[PDB]
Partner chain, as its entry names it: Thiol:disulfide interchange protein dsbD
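Take a look at this one chain, the form solved without its partner chain, written out in structure tokens.
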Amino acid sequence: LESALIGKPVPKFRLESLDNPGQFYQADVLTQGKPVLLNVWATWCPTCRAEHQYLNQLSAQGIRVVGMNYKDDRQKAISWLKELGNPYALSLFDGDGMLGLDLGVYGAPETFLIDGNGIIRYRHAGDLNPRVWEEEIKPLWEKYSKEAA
């Protein structure tokens, strides 16, 4: 849906790595110099499992995806990745959902497009499928990929 963050930088945060206990990340990790997709997901989200296989496909094509596990059960989340594959370059654990609150998410799943400079450029509330990618996000990803280059 619509977002008041379009054109604004990613909110400050300090979250623990989902699969690397003790390692914490900050917003600087979302300023890669290349565009990135931030995917909000959880194991309790039905369309998330279905969307996971498509994310694996995009990741294999070079699309950079950062995963934000939302108000979820950490262990179940880790098993989820070991069982279905890990498309994420990095996985953040938003156990309390505080980053989700600053991002204005309605729930899961949701995908944000962030440019190389850490500026939020698009927000899609709902599952990521070929149609959404081809019609809504792909054109934007290509634009910011060419500029970052």
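Numbering follows the first chain given and starts at 1.
Another form exists, solved in complex with its partner chain; not displayed. Remarks below refer to it.
The closest heavy atom approach of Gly33 to its partner chain in the entry with it bound falls outside 4.5 Å. The closest heavy atom approach of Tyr54 to its partner chain in the entry with it bound falls outside 4.5 Å. In the entry with it bound, its partner chain sits within 4.5 Å of a heavy atom belonging to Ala125. When its partner chain is considered in the entry with it bound, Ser59 lies well away from it, no heavy atom lying within 4.5 Å.
The stretch in contact with its partner chain in the entry with it bound, judged by heavy atoms within 4.5 Å, is 102 to 110, chosen from 24 to 32, 102 to 110, 87 to 95, 59 to 67.
The listed set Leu81, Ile120, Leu38, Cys45 contains one residue whose heavy atoms approach its partner chain in the entry with it bound to within 4.5 Å, identified as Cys45.
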